[PDB]
Structures are given as C-alpha cells and as structure tokens.
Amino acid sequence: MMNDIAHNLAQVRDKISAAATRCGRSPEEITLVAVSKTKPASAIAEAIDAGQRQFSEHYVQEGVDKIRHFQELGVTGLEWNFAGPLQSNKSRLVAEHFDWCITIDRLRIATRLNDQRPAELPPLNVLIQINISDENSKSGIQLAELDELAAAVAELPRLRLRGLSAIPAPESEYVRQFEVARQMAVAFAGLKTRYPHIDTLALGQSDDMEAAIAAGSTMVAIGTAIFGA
C-alpha cells in the first residue's frame, strides 16, 4: 500500500519523466515543486516521507509557520518557494525564511527583499515573473520590460537571479499552451546569453505540463494532483 500523497507524487513524477524523455530531455532537467498552500504541515510531512524536498507556499504567514515547524523538527534538505503576490509590508518575513521567490515583478520588491535578507543566510534565489498571456492579470511584467528589470535585479547582491516564471491564462487548447510556453522558452534562452546562472524557467501546472515541458520548462509546480482538492 501507499498513502495518497506518496501515490500521487509517484504518478506526477512518472508523467514528468515520460514527458522529458519524449522530448529528448533527461527527466533530471525538470524539478517538481509541490504546491502546499492551504495544506497542513502533516500533509507536507507525508510528502517529505515520500522524498519531496521542494515546496511552494502562497501566503506569507502560513508559509513561515511551516518553515519554522520543520526547522524545529530538524528536517534537513528542504527548499521553500514563495509564489504568491508579495505585498511590500510582508517582504521581511519572506526574506528571512524562504529559499526562492518566484514572483518578482517590480524592482521595489526585489530591492526590499535584498535589503532585508539576513546577513547569515545564502542569497535569496529569485525569478522574474512575466505576464505572458493574461489580459486579466496585473501580476508579472510584459516581456518588453524584462531587460530593464533584469539588469536592476542582477545588481542586488543578496539575491541570485536564476531565471523566469509565468502563469499563463488558463487555456483549453494544447496548441495554444505550447505556443505560449514556446514564447517563454525563447525569452529564457535569450536571458541566458546575457546573465550568469540563468538555469530556471518556472512554468507549468498539471493541465499544461506536457506543453510546458516540451517547450523547455525546468520547474513545474503541482498542487491538487499531489495533495487533492
């Protein structure tokens, strides 16, 4: 027998592996992040018992409480991503506790995170979020704004610019999912030619995973398919 979370993780990892191989990539090129927002520490603990080490949280206090909880238990090897929209007033908590911030879309927030990172911690890994296809969102920048933001973020020494992220508008057609993901892959490839250690393209959830992986995503973030509704 397996518990549901372990079963689900095995299923998702296998789908990712098959997609990678199918498009000529090594499965190791794709990092699975478990989206644990709204799920209790006990659920994360089951995921950890099933080998999962990287988790994404959307709400600052919830995430910090979980991070502290596992620190207190002495659980090692975890990586925590903050992937919610970040309000200025909560930036210090993120800077003090997270390993990655996925949603950088303004210089002011990057600068605060940089300035609030404790001296004893590694630099905070960051991705610049692109609004690639969502006319109904104000989160993420337009691609035309990327050069300006990336140059500024790259000069913040307590951050490490690692690449790009995006959450496309939901799309029913595979061909459109792929076209949008391809646009992100092109932007990502270009960024690599201009900055060091650009190695992360955070793109794709369950319904658009196949398109994202085929296009070049390196980091997929899955919630419901791991933890249930």
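From 1 onward, residues are counted along the sequence shown.
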TODO: With reference to the PDB entry, specify whether the mean Cα temperature factor is higher for 161-169 or for 191-199.
DONE: 191-199
Task: 21-29 versus 211-219 - greater average Cα B-factor per the deposited record - done: 21-29
Open item on the list: Quiz for you: based on the deposited Cα B-factor, which of 81, 89, 103, 114 is highest?
Closed with: 89
TODO: Return the residue from 95, 150, 144, 110 that has the highest Cα B-factor in the entry.
DONE: 144
TODO: Would you mind checking where the Cα B-factor of residue 41 ranks among the modelled residues of its chain, as the lowest, middle or highest third?
DONE: middle
Open item on the list: Going by the CA temperature factor in the PDB record, which third of the chain does residue 175 belong to: lowest, middle or highest?
Closed with: highest
Open item on the list: Please say which third, lowest, middle or highest, residue 225 falls into when its CA temperature factor is compared across its chain.
Closed with: middle
Open item on the list: Lowest, middle or highest third: which one holds residue 119 when the chain's residues are ordered by CA B-factor from the entry?
Closed with: highest
TODO: Quick one: classify residue 126 as lowest, middle or highest third of the chain based on its Cα B-factor.
DONE: lowest
